[PDB]
């Protein structure tokens, strides 16, 4: 039942992106508002090496098989950093309660979304090759540094990249729903 799957997938991706945007903004307000932390967020996402469409025409040029596979790769690449975000924040003596609660929810829902996407792939493309190639995040030491300015900047980059990649995943899934179920007549 594609229609039900795509609807639930889109509910989760919209919800995840919205939570990620709110988490970023609480974190920015509370820890980095007065700074060139934004000026340092530039070109530092672990997924940036993936060929991801950046406008409507690139999205339209990308065929659906590769597109679904791209979304799955991004989501699979986020398992690792979301696990470490939650683990590290949860492990604070004084954990910012609103921030932690959102991180936990995105960690858990991102897993559920990836399950929905793998169901979608098995329906729409029953023989896509079973080979992972997703980019590796390896930013844990900078999240663990004692130097507070470096630590904070590493967290800022992580949440800025999360907010960006959840937005892409959500938008690409909305495009694919329209395309696959409605022949681009949403």
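Residue numbers count along the first chain shown, from 1.
The stretch 42-50 shows the higher mean C-alpha B-factor when 115-123 is compared against 42-50 in the entry.
When the C-alpha B-factors of 132-140 and 66-74 are averaged, 132-140 comes out higher. Annotation for residue 161: CA B-factor lies in the lowest third of the chain's modelled residues. In the PDB entry, a CA B factor belonging to the highest third of its chain's modelled residues is recorded for residue 94.
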